[PDB]
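Engineer: Going by the authors' numbering, the final residue of the sequence shown carries number 108, and the count climbs one at a time with no gaps.
Virtual Cβ for every residue (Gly too), placed ideally from N, Cα, C.
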Amino acid sequence: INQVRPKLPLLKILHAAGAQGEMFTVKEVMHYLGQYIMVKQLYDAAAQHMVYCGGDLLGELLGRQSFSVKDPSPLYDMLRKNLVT
């Protein structure tokens, strides 16, 4: 498994969700990214699968006003541009 160092815009989100390190696994980043969604309550509570990330740095990072966890390929696209192998 490959260790990755998230860039500072994503390390900011990661630490906010409860992490502290600079070397992670993609599985960990994924875990903390959901933890962040919970703690900022970025989801529709009448559709908890639609994340509303627009007035939040996760939206600027993703370039998405909102997205569903049915298709987290946006997350994967954004990790490719914000993790250093």
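Would you report the Cα separation of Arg103 and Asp79, rounded to the nearest angstrom?
Structural biologist: 20 angstroms
Engineer: Could you work out which residue in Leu81, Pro32 and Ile60 is closest to residue 4 when comparing CA atoms only?
Structural biologist: This structure cannot speak to residue 4, because the chain is shown only from 24 to 108.
Engineer: What would DSSP say about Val107, mapped onto helix, strand or coil?
Structural biologist: strand
Engineer: I'd like to check one pair, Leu81 with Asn105: are the Cβ atoms closer than 8 angstroms?
Structural biologist: No; because the gap between Cβ atoms is not below 8 angstroms, this pair is not in contact.
Engineer: According to the Cβ coordinates, are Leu65 and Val52 closer than 8 angstroms?
Structural biologist: no
Engineer: Cα-Cα, which of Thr108, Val107 and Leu98 is closest to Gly57?
Structural biologist: Closest by alpha carbon: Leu98.
Engineer: Considering only DSSP beta bridges, list what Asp67 is partnered with.
Structural biologist: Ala70
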